[PDB]
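This is target17.txt. It holds compact mmCIF, C-alpha atoms and all ligand atoms.
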```txt
# COMPACT_ATOMS: atom_id res chain seq x y z
CA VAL A 1 -52.34 -3.87 -27.96
CA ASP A 2 -50.20 -2.68 -30.92
CA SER A 3 -51.96 0.67 -31.34
CA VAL A 4 -50.38 4.11 -30.84
CA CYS A 5 -53.25 4.84 -28.46
CA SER A 6 -52.57 1.85 -26.34
CA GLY A 7 -51.28 3.09 -23.04
CA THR A 8 -52.18 6.03 -20.87
CA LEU A 9 -49.94 8.67 -19.33
CA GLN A 10 -51.79 10.74 -16.70
CA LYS A 11 -48.89 12.52 -14.98
CA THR A 12 -45.25 13.05 -15.89
CA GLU A 13 -44.45 11.23 -12.63
CA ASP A 14 -45.66 8.04 -14.33
CA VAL A 15 -42.69 8.11 -16.73
CA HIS A 16 -40.09 5.83 -15.23
CA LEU A 17 -36.54 5.42 -16.42
CA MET A 18 -34.95 2.31 -15.12
CA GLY A 19 -31.26 1.60 -14.91
CA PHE A 20 -30.28 -1.97 -15.68
CA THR A 21 -26.75 -3.18 -15.07
CA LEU A 22 -24.36 -4.88 -17.45
CA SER A 23 -23.79 -7.48 -14.81
CA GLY A 24 -27.47 -8.21 -15.16
CA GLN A 25 -26.66 -8.72 -18.81
CA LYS A 26 -24.28 -11.56 -17.89
CA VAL A 27 -21.26 -9.39 -18.75
CA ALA A 28 -17.91 -9.98 -16.99
CA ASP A 29 -17.62 -7.39 -14.23
CA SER A 30 -14.26 -8.26 -12.57
CA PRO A 31 -12.20 -5.03 -12.18
CA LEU A 32 -9.54 -6.26 -14.56
CA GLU A 33 -12.21 -7.17 -17.13
CA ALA A 34 -14.45 -4.19 -16.50
CA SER A 35 -11.59 -1.78 -17.01
CA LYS A 36 -11.02 -3.15 -20.50
CA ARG A 37 -14.25 -1.33 -21.42
CA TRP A 38 -13.08 2.03 -20.14
CA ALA A 39 -10.81 4.39 -22.07
CA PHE A 40 -9.43 7.92 -22.11
CA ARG A 41 -10.10 10.50 -24.78
CA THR A 42 -10.18 14.17 -25.56
CA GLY A 43 -12.61 16.27 -27.60
CA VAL A 44 -15.68 14.70 -26.04
CA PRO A 45 -17.81 16.62 -23.56
CA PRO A 46 -19.20 14.47 -20.77
CA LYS A 47 -22.98 14.32 -20.66
CA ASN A 48 -25.28 13.41 -17.81
CA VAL A 49 -28.96 12.36 -17.80
CA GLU A 50 -31.44 11.84 -14.99
CA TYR A 51 -33.25 8.54 -14.41
CA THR A 52 -35.76 7.33 -11.76
CA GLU A 53 -35.21 3.73 -10.61
CA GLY A 54 -32.49 1.14 -10.96
CA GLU A 55 -31.45 -2.40 -10.45
CA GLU A 56 -29.61 -3.40 -7.31
CA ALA A 57 -26.01 -3.59 -8.53
CA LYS A 58 -23.88 -6.70 -8.33
CA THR A 59 -20.66 -4.84 -8.47
CA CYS A 60 -19.64 -1.20 -8.38
CA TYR A 61 -16.45 0.77 -8.63
CA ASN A 62 -15.03 3.68 -6.63
CA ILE A 63 -12.23 4.92 -8.82
CA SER A 64 -9.59 7.63 -8.86
CA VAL A 65 -7.13 7.88 -11.73
CA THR A 66 -4.59 10.55 -12.29
CA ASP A 67 -1.72 11.38 -14.49
CA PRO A 68 1.80 10.81 -13.11
CA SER A 69 1.90 14.35 -11.67
CA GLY A 70 -1.05 13.49 -9.38
CA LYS A 71 -3.66 15.48 -11.29
CA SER A 72 -6.82 13.59 -11.78
CA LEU A 73 -7.70 12.28 -15.22
CA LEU A 74 -11.23 11.90 -13.93
CA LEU A 75 -13.63 14.78 -13.61
CA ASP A 76 -14.63 16.13 -10.24
CA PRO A 77 -18.22 15.08 -9.46
CA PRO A 78 -21.01 17.65 -9.90
CA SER A 79 -23.27 18.52 -6.96
CA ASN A 80 -25.95 16.08 -8.18
CA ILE A 81 -23.63 12.99 -8.36
CA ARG A 82 -24.13 10.67 -5.43
CA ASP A 83 -22.77 7.17 -4.88
CA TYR A 84 -24.82 4.42 -6.49
CA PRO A 85 -27.66 3.49 -4.16
CA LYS A 86 -27.35 -0.24 -3.78
CA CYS A 87 -24.09 -2.06 -4.49
CA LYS A 88 -23.39 -5.54 -3.26
CA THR A 89 -19.62 -5.30 -3.75
CA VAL A 90 -17.63 -2.09 -4.34
CA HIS A 91 -14.23 -2.13 -6.00
CA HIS A 92 -12.14 0.71 -4.65
CA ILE A 93 -9.32 1.52 -7.01
CA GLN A 94 -6.79 4.32 -6.83
CA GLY A 95 -3.81 4.83 -9.13
CA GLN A 96 -2.11 6.65 -12.00
CA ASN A 97 -1.76 6.38 -15.78
CA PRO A 98 1.66 6.82 -17.40
CA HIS A 99 0.47 8.09 -20.79
CA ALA A 100 -3.25 8.83 -20.98
CA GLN A 101 -5.15 12.01 -21.81
CA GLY A 102 -8.70 13.30 -21.60
CA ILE A 103 -11.62 11.74 -19.73
CA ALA A 104 -12.89 8.22 -19.11
CA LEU A 105 -15.42 7.19 -21.74
CA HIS A 106 -17.24 3.87 -21.79
CA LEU A 107 -16.39 1.95 -24.95
CA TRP A 108 -19.69 0.15 -25.42
CA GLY A 109 -21.64 3.39 -25.30
CA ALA A 110 -23.07 2.17 -21.99
CA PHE A 111 -23.51 4.53 -19.12
CA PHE A 112 -21.74 5.06 -15.85
CA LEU A 113 -24.54 4.84 -13.35
CA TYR A 114 -24.66 6.72 -10.10
CA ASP A 115 -27.59 7.66 -7.86
CA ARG A 116 -30.38 8.53 -10.31
CA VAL A 117 -27.87 9.93 -12.85
CA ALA A 118 -26.35 8.23 -15.87
CA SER A 119 -23.21 9.53 -17.49
CA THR A 120 -21.02 9.19 -20.53
CA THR A 121 -18.00 9.51 -18.19
CA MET A 122 -16.46 8.31 -14.95
CA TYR A 123 -16.42 10.68 -12.00
CA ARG A 124 -13.53 10.68 -9.60
CA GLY A 125 -14.25 9.02 -6.28
CA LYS A 126 -17.86 8.24 -6.90
CA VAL A 127 -19.39 4.82 -6.72
CA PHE A 128 -20.78 3.64 -9.99
CA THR A 129 -21.91 0.60 -11.90
CA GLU A 130 -22.14 0.09 -15.61
CA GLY A 131 -25.54 -0.06 -17.28
CA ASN A 132 -28.18 1.21 -19.68
CA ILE A 133 -31.58 2.76 -19.07
CA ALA A 134 -35.08 2.06 -20.41
CA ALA A 135 -38.23 4.20 -20.49
CA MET A 136 -41.70 3.02 -19.58
CA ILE A 137 -45.09 4.02 -18.21
CA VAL A 138 -45.95 2.91 -14.70
CA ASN A 139 -48.89 4.41 -12.85
CA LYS A 140 -48.73 4.95 -9.10
CA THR A 141 -50.95 1.96 -8.42
CA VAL A 142 -48.59 -0.32 -10.32
CA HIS A 143 -45.63 1.42 -8.69
CA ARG A 144 -47.05 0.98 -5.19
CA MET A 145 -47.49 -2.74 -5.60
CA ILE A 146 -43.90 -3.36 -6.73
CA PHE A 147 -41.88 -1.21 -4.32
CA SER A 148 -44.41 -1.08 -1.44
CA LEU B 1 20.54 -3.38 -7.57
CA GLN B 2 20.75 -2.52 -3.85
CA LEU B 3 18.41 -1.14 -1.18
CA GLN B 4 19.82 0.09 2.11
CA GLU B 5 17.50 0.84 5.04
CA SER B 6 18.63 3.58 7.38
CA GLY B 7 17.50 5.41 10.49
CA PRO B 8 17.24 5.20 14.29
CA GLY B 9 16.57 1.95 16.13
CA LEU B 10 14.43 3.71 18.73
CA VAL B 11 11.56 6.23 18.94
CA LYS B 12 9.38 7.29 21.89
CA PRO B 13 5.59 7.16 21.99
CA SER B 14 3.73 10.16 20.48
CA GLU B 15 6.70 10.87 18.29
CA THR B 16 7.25 10.79 14.61
CA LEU B 17 9.44 8.01 13.36
CA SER B 18 11.60 8.73 10.38
CA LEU B 19 13.37 6.15 8.26
CA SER B 20 15.18 6.21 4.96
CA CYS B 21 16.29 3.94 2.16
CA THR B 22 19.23 4.43 -0.12
CA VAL B 23 18.78 2.98 -3.55
CA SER B 24 21.78 1.96 -5.65
CA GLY B 25 22.30 0.99 -9.30
CA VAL B 26 18.90 2.17 -10.53
CA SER B 27 17.20 5.56 -10.67
CA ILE B 28 14.53 6.23 -8.03
CA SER B 29 12.33 7.98 -10.63
CA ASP B 30 12.90 5.46 -13.45
CA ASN B 31 9.70 4.57 -15.31
CA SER B 32 8.18 1.16 -14.70
CA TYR B 33 9.35 1.08 -11.09
CA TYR B 34 7.59 1.76 -7.80
CA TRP B 35 9.19 1.68 -4.35
CA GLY B 36 7.53 0.85 -1.06
CA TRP B 37 7.69 0.22 2.63
CA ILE B 38 6.69 -2.97 4.44
CA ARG B 39 6.83 -3.74 8.19
CA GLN B 40 7.20 -6.90 10.27
CA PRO B 41 6.63 -6.95 14.02
CA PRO B 42 8.85 -9.40 15.88
CA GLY B 43 7.53 -12.92 15.29
CA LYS B 44 4.59 -11.62 13.25
CA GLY B 45 3.97 -11.38 9.51
CA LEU B 46 4.21 -8.74 6.81
CA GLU B 47 2.15 -5.52 6.71
CA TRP B 48 2.37 -3.15 3.76
CA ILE B 49 2.85 0.48 4.71
CA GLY B 50 2.79 2.36 1.47
CA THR B 51 4.22 2.72 -2.00
CA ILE B 52 5.48 5.60 -4.12
CA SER B 53 5.66 5.63 -7.88
CA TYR B 54 8.37 6.82 -10.19
CA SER B 55 6.53 10.17 -10.15
CA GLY B 56 5.35 11.95 -6.97
CA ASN B 57 2.26 9.78 -6.30
CA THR B 58 1.93 7.77 -3.10
CA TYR B 59 -0.51 5.02 -2.05
CA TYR B 60 -0.93 3.76 1.53
CA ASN B 61 -2.52 1.09 3.66
CA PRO B 62 -5.82 2.41 5.12
CA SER B 63 -4.86 0.79 8.45
CA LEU B 64 -2.02 3.31 8.85
CA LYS B 65 -3.01 5.97 6.30
CA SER B 66 -3.43 8.80 8.81
CA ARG B 67 0.10 8.55 10.25
CA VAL B 68 2.17 7.26 7.33
CA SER B 69 3.92 9.53 4.86
CA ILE B 70 6.33 8.55 2.07
CA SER B 71 8.69 10.63 -0.06
CA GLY B 72 11.25 10.06 -2.77
CA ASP B 73 14.29 12.27 -3.38
CA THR B 74 15.14 11.99 -7.05
CA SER B 75 18.57 13.55 -6.71
CA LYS B 76 19.68 11.46 -3.75
CA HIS B 77 18.04 8.23 -4.90
CA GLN B 78 16.51 7.64 -1.54
CA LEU B 79 13.18 7.17 0.18
CA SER B 80 11.67 8.59 3.26
CA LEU B 81 9.17 7.04 5.57
CA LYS B 82 7.49 8.97 8.30
CA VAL B 83 5.21 7.40 10.86
CA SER B 84 3.61 9.95 13.14
CA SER B 85 2.19 9.33 16.60
CA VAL B 86 3.81 5.97 17.26
CA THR B 87 2.67 3.40 19.80
CA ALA B 88 3.88 0.09 21.25
CA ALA B 89 2.37 -1.72 18.27
CA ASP B 90 4.67 0.14 15.87
CA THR B 91 7.67 -1.80 17.12
CA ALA B 92 8.74 -3.57 13.96
CA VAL B 93 11.29 -4.31 11.30
CA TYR B 94 10.88 -1.86 8.45
CA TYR B 95 11.74 -2.92 4.90
CA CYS B 96 12.47 -1.03 1.76
CA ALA B 97 11.43 -2.80 -1.44
CA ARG B 98 11.19 -2.24 -5.15
CA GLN B 99 7.69 -2.80 -6.51
CA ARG B 100 6.89 -3.75 -10.08
CA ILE B 101 3.57 -2.81 -11.75
CA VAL B 102 1.25 -3.88 -14.54
CA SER B 103 0.14 -1.22 -16.97
CA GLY B 104 -3.56 -1.32 -17.68
CA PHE B 105 -6.33 1.24 -17.10
CA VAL B 106 -4.25 1.95 -14.00
CA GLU B 107 -0.64 0.95 -13.30
CA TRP B 108 -1.44 -1.99 -10.99
CA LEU B 109 0.72 -2.65 -7.94
CA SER B 110 2.71 -5.91 -8.35
CA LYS B 111 5.48 -8.25 -7.26
CA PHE B 112 8.25 -6.91 -5.07
CA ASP B 113 11.33 -8.14 -6.88
CA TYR B 114 14.10 -6.68 -4.76
CA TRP B 115 14.06 -6.24 -1.00
CA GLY B 116 16.46 -4.48 1.32
CA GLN B 117 17.40 -5.65 4.82
CA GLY B 118 15.29 -4.00 7.41
CA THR B 119 15.79 -1.70 10.37
CA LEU B 120 14.44 -2.75 13.71
CA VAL B 121 12.70 0.19 15.23
CA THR B 122 11.56 -0.19 18.79
CA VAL B 123 8.95 2.04 20.33
CA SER B 124 9.76 2.84 23.94
CA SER B 125 9.86 5.70 26.40
CA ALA B 126 13.30 4.42 27.52
CA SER B 127 16.55 5.80 26.08
CA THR B 128 19.32 3.82 24.40
CA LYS B 129 22.11 2.14 26.29
CA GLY B 130 25.37 0.79 25.00
CA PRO B 131 26.50 -2.66 26.15
CA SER B 132 29.03 -3.53 28.85
CA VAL B 133 31.22 -6.03 27.03
CA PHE B 134 33.17 -8.67 29.01
CA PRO B 135 35.49 -11.50 27.75
CA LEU B 136 34.75 -15.23 28.21
CA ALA B 137 38.01 -17.22 28.52
CA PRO B 138 38.55 -20.53 26.61
CA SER B 139 38.49 -24.08 27.97
CA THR B 140 38.19 -28.26 21.73
CA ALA B 141 38.20 -24.66 22.96
CA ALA B 142 35.19 -22.43 23.52
CA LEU B 143 35.65 -18.69 23.91
CA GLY B 144 33.44 -15.66 23.49
CA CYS B 145 32.08 -12.24 24.41
CA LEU B 146 29.31 -11.29 26.77
CA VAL B 147 27.46 -8.20 25.68
CA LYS B 148 25.60 -7.12 28.72
CA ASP B 149 22.85 -4.62 29.58
CA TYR B 150 21.95 -2.71 26.42
CA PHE B 151 18.93 -1.26 24.71
CA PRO B 152 17.34 -1.79 22.24
CA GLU B 153 18.31 -4.49 19.74
CA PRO B 154 19.99 -5.10 17.31
CA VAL B 155 23.58 -5.92 18.23
CA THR B 156 26.02 -7.18 15.61
CA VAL B 157 29.08 -9.21 16.62
CA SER B 158 32.05 -9.86 14.30
CA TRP B 159 35.22 -11.76 15.07
CA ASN B 160 38.66 -10.55 13.97
CA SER B 161 37.04 -7.82 11.86
CA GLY B 162 35.04 -10.40 9.93
CA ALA B 163 38.07 -12.58 9.16
CA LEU B 164 36.86 -15.26 11.56
CA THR B 165 33.73 -17.00 10.27
CA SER B 166 34.18 -20.71 10.78
CA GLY B 167 33.02 -21.72 14.26
CA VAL B 168 31.10 -18.51 15.04
CA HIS B 169 27.77 -18.87 16.82
CA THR B 170 25.98 -15.83 18.24
CA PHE B 171 22.97 -16.34 20.54
CA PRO B 172 19.57 -14.67 20.79
CA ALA B 173 19.45 -11.82 23.30
CA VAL B 174 17.51 -12.15 26.50
CA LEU B 175 15.29 -9.41 27.77
CA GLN B 176 16.21 -8.88 31.39
CA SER B 177 13.79 -7.88 34.17
CA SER B 178 15.44 -4.42 34.13
CA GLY B 179 14.29 -3.80 30.55
CA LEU B 180 17.85 -4.17 29.17
CA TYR B 181 19.20 -6.89 26.92
CA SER B 182 22.00 -9.39 27.29
CA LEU B 183 23.63 -11.20 24.37
CA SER B 184 26.47 -13.77 24.03
CA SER B 185 28.64 -14.79 21.11
CA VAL B 186 31.07 -17.61 20.99
CA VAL B 187 33.52 -19.25 18.72
CA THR B 188 34.60 -22.83 18.69
CA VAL B 189 38.30 -22.75 17.92
CA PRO B 190 41.15 -25.22 17.68
CA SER B 191 42.69 -25.35 21.17
CA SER B 192 46.10 -25.48 19.41
CA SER B 193 45.63 -21.87 18.24
CA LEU B 194 44.83 -20.36 21.69
CA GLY B 195 48.40 -19.08 22.11
CA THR B 196 49.19 -18.28 18.46
CA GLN B 197 46.14 -16.47 17.04
CA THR B 198 44.54 -13.30 18.34
CA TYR B 199 40.80 -13.57 18.93
CA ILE B 200 38.93 -10.27 19.11
CA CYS B 201 35.19 -9.60 18.96
CA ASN B 202 33.66 -6.53 17.36
CA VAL B 203 30.42 -5.50 19.12
CA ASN B 204 28.31 -2.92 17.27
CA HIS B 205 25.22 -1.29 18.66
CA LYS B 206 23.71 1.14 16.20
CA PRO B 207 21.06 2.61 18.60
CA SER B 208 23.80 4.06 20.82
CA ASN B 209 26.48 4.40 18.10
CA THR B 210 28.74 2.13 20.08
CA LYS B 211 31.51 -0.09 18.76
CA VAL B 212 33.43 -2.24 21.22
CA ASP B 213 36.38 -4.40 20.33
CA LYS B 214 37.58 -6.94 22.92
CA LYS B 215 40.49 -9.36 22.91
CA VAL B 216 39.55 -12.62 24.55
CA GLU B 217 42.40 -14.33 26.38
CA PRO B 218 42.97 -17.63 28.29
CA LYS B 219 43.63 -17.67 32.04
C1 LIG C 301 -14.90 6.27 -2.76
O1 LIG C 301 -13.49 6.47 -2.80
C2 LIG C 301 -13.07 7.77 -2.36
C3 LIG C 301 -11.57 7.82 -2.54
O2 LIG C 301 -11.20 7.58 -3.89
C4 LIG C 301 -13.52 8.01 -0.91
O3 LIG C 301 -13.35 9.40 -0.63
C5 LIG C 301 -12.71 9.77 0.58
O4 LIG C 301 -13.67 10.24 1.53
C6 LIG C 301 -13.13 10.56 2.84
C7 LIG C 301 -14.29 11.07 3.67
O5 LIG C 301 -14.97 12.15 3.04
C8 LIG C 301 -11.98 11.56 2.72
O6 LIG C 301 -11.28 11.62 3.96
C9 LIG C 301 -11.04 12.90 4.57
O7 LIG C 301 -10.33 13.78 3.68
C10 LIG C 301 -10.02 15.07 4.22
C11 LIG C 301 -9.37 15.86 3.11
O8 LIG C 301 -10.25 16.06 2.02
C12 LIG C 301 -9.13 14.91 5.46
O9 LIG C 301 -8.88 16.18 6.05
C13 LIG C 301 -9.81 14.00 6.48
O10 LIG C 301 -8.94 13.77 7.58
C14 LIG C 301 -10.23 12.67 5.85
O11 LIG C 301 -9.10 11.84 5.58
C15 LIG C 301 -11.01 11.14 1.61
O12 LIG C 301 -10.01 12.14 1.44
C16 LIG C 301 -11.77 10.94 0.30
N1 LIG C 301 -10.84 10.69 -0.80
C17 LIG C 301 -10.88 11.34 -1.97
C18 LIG C 301 -9.75 11.06 -2.92
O13 LIG C 301 -11.78 12.14 -2.25
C19 LIG C 301 -14.99 7.63 -0.72
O14 LIG C 301 -15.32 7.66 0.66
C20 LIG C 301 -15.28 6.23 -1.28
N2 LIG C 301 -16.69 5.91 -1.15
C21 LIG C 301 -17.16 4.93 -0.37
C22 LIG C 301 -18.65 4.70 -0.43
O15 LIG C 301 -16.43 4.25 0.35
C1 LIG C 302 -25.62 -4.32 -25.23
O1 LIG C 302 -25.31 -5.66 -24.90
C2 LIG C 302 -24.61 -6.32 -25.95
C3 LIG C 302 -24.49 -7.79 -25.60
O2 LIG C 302 -23.37 -7.99 -24.75
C4 LIG C 302 -23.25 -5.69 -26.16
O3 LIG C 302 -22.59 -6.37 -27.21
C5 LIG C 302 -21.18 -6.48 -26.97
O4 LIG C 302 -20.49 -5.41 -27.62
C6 LIG C 302 -19.07 -5.44 -27.46
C7 LIG C 302 -18.53 -4.18 -28.11
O5 LIG C 302 -18.93 -4.06 -29.47
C8 LIG C 302 -18.51 -6.74 -28.05
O6 LIG C 302 -17.11 -6.81 -27.79
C9 LIG C 302 -19.20 -7.93 -27.40
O7 LIG C 302 -18.75 -9.14 -28.01
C10 LIG C 302 -20.72 -7.83 -27.53
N1 LIG C 302 -21.37 -8.92 -26.81
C11 LIG C 302 -22.04 -9.93 -27.40
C12 LIG C 302 -22.57 -10.99 -26.49
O8 LIG C 302 -22.20 -9.98 -28.62
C13 LIG C 302 -23.53 -4.29 -26.57
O9 LIG C 302 -22.30 -3.62 -26.78
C14 LIG C 302 -24.27 -3.65 -25.43
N2 LIG C 302 -24.47 -2.26 -25.66
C15 LIG C 302 -24.88 -1.48 -24.68
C16 LIG C 302 -25.21 -0.09 -25.05
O10 LIG C 302 -24.98 -1.87 -23.54
```

For the structure just supplied, provide its representation as structure tokens.
Amino acid sequence: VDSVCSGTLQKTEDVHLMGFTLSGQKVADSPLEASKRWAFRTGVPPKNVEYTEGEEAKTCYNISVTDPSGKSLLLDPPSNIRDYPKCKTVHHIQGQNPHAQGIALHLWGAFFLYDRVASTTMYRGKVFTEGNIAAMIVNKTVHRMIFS
Amino acid sequence: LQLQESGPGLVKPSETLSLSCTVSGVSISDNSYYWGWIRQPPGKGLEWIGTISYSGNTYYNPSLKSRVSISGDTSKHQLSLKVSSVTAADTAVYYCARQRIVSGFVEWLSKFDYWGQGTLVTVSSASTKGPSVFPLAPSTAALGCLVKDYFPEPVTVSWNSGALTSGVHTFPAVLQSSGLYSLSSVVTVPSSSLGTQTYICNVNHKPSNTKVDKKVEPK
């Protein structure tokens, strides 16, 4: 129904934020292609946001990037950053950048997805996949049937 | 544009192996160049060991990451490869090579354009032994040197300090029951020169720092 009143939210638990991948959006995810969407920049503070469920990822990345001196250009992961839950193929990459400064920011405005945490930046050594999230109401009964 | 591998031809088990590579004609910290180590066990194929950039950074092969260590000396223009806790399976030919990269999100490891000539490092609890060189008299005329009982390979044999090339044929060493090697080298020469030209071999054995020259004579 198109009405504002259509829909019921009984507990906060029934708000579900789902992470959908860019691979699921038929976007090229090869490491060489994927990296063309990532870029370094200063003056931007990385932000993180919690979500509840996510799509099984086609591909993920486990990346460490430094400057020539060996100092990471990627931020150390916060306590609450865990490797993405379900990746079919992880791309482990470790290297250095000759002339880059700041932090890794996704170009499309998409998020770096980890385990129930989306971010505007790439965390060093943590498994992630690219994606976006969407909010919806799912009651427990509906939730129980899907996941079981 | 030269790479020269250097270091001992023998190391014992549970011992750190150390090798080095002297780079010539280019700077070891020059931008756009990476340098790395590759190994080849006798009769087997290539295995990458690790690579070091133009800065301090090093990357290694997870199959030997725990033991392998690589360092570049910017003033000496030379590399260092350490391999701790060696075993029988570390017996191999170690190569120094220059590695190109592709600059993207990350400088990507690439084609190895220039390679050095490797150093055979044997892993064994035995100690080195220089060869007992004996002359093999001629009889159009075949003469040579017998390099006997030595350890471990390689052995290099030159004739007349490198002046004699034509006709030289050195044979593959045999591993004797004792654990020592035996190697022969011969030269096919004009029989008409047996009494006019001096024929001397030059046996080098780097593992024992031995150099033996031997004049081969008829009768
Ligand atoms: C994602 O990639 C990172 C590397 O970029 C992987 O992290 C690595 O995790 C192992 C195990 O925790 C670390 O090994 C241990 O390191 C300590 C020193 O911190 C050392 O004393 C131990 O002997 C051992 O080698 C490794 O250092 C760490 N690397 C970094 C740069 O943090 C991570 O495991 C990858 N994730 C997956 C799911 O594979
Ligand atoms: C949402 O998905 C669309 C569809 O791919 C993305 O659109 C791409 O945007 C980039 C950057 O502007 C362009 O180079 C591509 O050509 C666009 N794709 C298409 C098919 O038009 C959009 O950027 C995505 N945004 C988020 C937040 O994921």

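Taking all atoms listed in the file into account, ligand LIG 301 (chain C) has within 7 Å the residues residues 62, 63, 64, 83, 92, 94, 124, 125, 126 and 127 of chain A.
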
Using only C-alpha atoms and all ligand atoms, find the one residue out of A:134, A:27, A:118, A:103 that sits nearest to ligand LIG 302 (chain C). A:27

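Contact shell of residue 30 of chain A at 12 Å (all atoms listed in the file; same-chain neighbours under 2 positions omitted): residues 22, 23, 26, 27, 28, 32, 33, 34, 35, 36, 37, 58, 59, 60, 61, 89, 90, 91, 129 and 130 of chain A.
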
Find the residues of chain B that sit at most 9 Å from chain A; for each, write down the nearest two atoms and how far apart they are in Å, to one decimal. Count all atoms listed in the file. Sort by chain, then by number going up, and give it as a tab-separated table.
```
residue	atom	partner	partner_atom	distance
B:31	CA	A:98	CA	8.6
B:53	CA	A:68	CA	8.3
B:54	CA	A:68	CA	8.2
B:55	CA	A:68	CA	5.6
B:56	CA	A:69	CA	6.3
B:57	CA	A:70	CA	5.8
B:58	CA	A:95	CA	8.8
B:59	CA	A:95	CA	7.8
B:103	CA	A:97	CA	7.9
B:104	CA	A:35	CA	8.1
B:105	CA	A:35	CA	6.1
B:106	CA	A:97	CA	5.4
B:107	CA	A:96	CA	6.0
B:108	CA	A:95	CA	7.5
B:109	CA	A:95	CA	8.8
```

Separation of atom CA of residue 61 of chain B from atom CA of residue 81 of chain B, in Å and rounded to one decimal: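 These two atoms are separated by 13.3 Å.
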
For ligand LIG 302 (chain C), return the neighbouring residues as a list in words (distance at most 7 Å; only C-alpha atoms and all ligand atoms).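 Result of the 7 Å neighbour search around ligand LIG 302 (chain C): residues 22, 25, 27, 108, 109, 110, 131 and 132 of chain A.
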
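Computed from the coordinates, the atom CA of residue 161 of chain B to atom CA of residue 42 of chain B distance equals 28.5 Å.
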
Here is a test: counting only C-alpha atoms, which residue of B:123, B:133, B:155, B:186 is nearest to residue 205 of chain B?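 Among the listed residues, the smallest separation from residue 205 of chain B belongs to B:155.
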
Long-range neighbours of residue 150 of chain B as a list in words, 9 Å cut-off, all atoms listed in the file, 2 positions minimum in chain: residues 128, 129, 130, 131, 132, 147, 148, 152, 153, 155, 179, 180, 181, 182, 183, 205 and 208 of chain B

Calculate, to one decimal in Å, the centre and edge lengths of the box along x, y and z of the file that holds all listed atoms of segment 62-71 of chain A with 4 Å of margin on each side, and present them as AutoDock Vina command-line options.
```
--center_x -6.6 --center_y 9.6 --center_z -10.6 --size_x 24.9 --size_y 19.8 --size_z 15.9
```

Extract, using all atoms listed in the file, all DNA, RNA and protein residues at most 9 Å from residue 127 of chain B, discarding same-chain residues fewer than 4 positions from it, and format them as a ChimeraX atom specification. /B:10-12,151-152

Just checking: using all atoms listed in the file, which residue out of A:55, A:72, A:49, A:137 ends up closest to residue 9 of chain A? A:137

Nearest to residue 141 of chain B, chosen from B:203, B:187, B:168, B:163, with all atoms listed in the file counted in the distances: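 Nearest to residue 141 of chain B: B:187.
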
Contact residues around residue 52 of chain B with all atoms listed in the file at 10 Å, ignoring same-chain residues under 4 positions, as an MDAnalysis selection string: chainID B and resid 28:29 33:37 56:60 69:72 79 98:99

If I take atom CA of residue 193 of chain B and atom CA of residue 143 of chain B, how far is one from the other in Å, to one decimal?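 Atom CA of residue 143 of chain B lies at a distance of 11.9 Å from atom CA of residue 193 of chain B.
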
For residue 53 of chain A: contacts at 10 Å, all atoms listed in the file, fewer than 3 positions along chain excluded, given as a ChimeraX atom specification: /A:16-20,50,56,85,115-117,133-134

With distances taken over all atoms listed in the file, which residue among A:122, A:73, A:138, A:78 lies nearest residue 99 of chain A?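 So, comparing all the options, the nearest one is A:73.
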
Enumerate, as a ChimeraX atom specification, the protein, DNA and RNA residues whose atoms approach (8.3, -9.4, -5.4) to within 8 Å, taking into account all atoms listed in the file and the coordinate frame of the file. /B:98-100,110-115
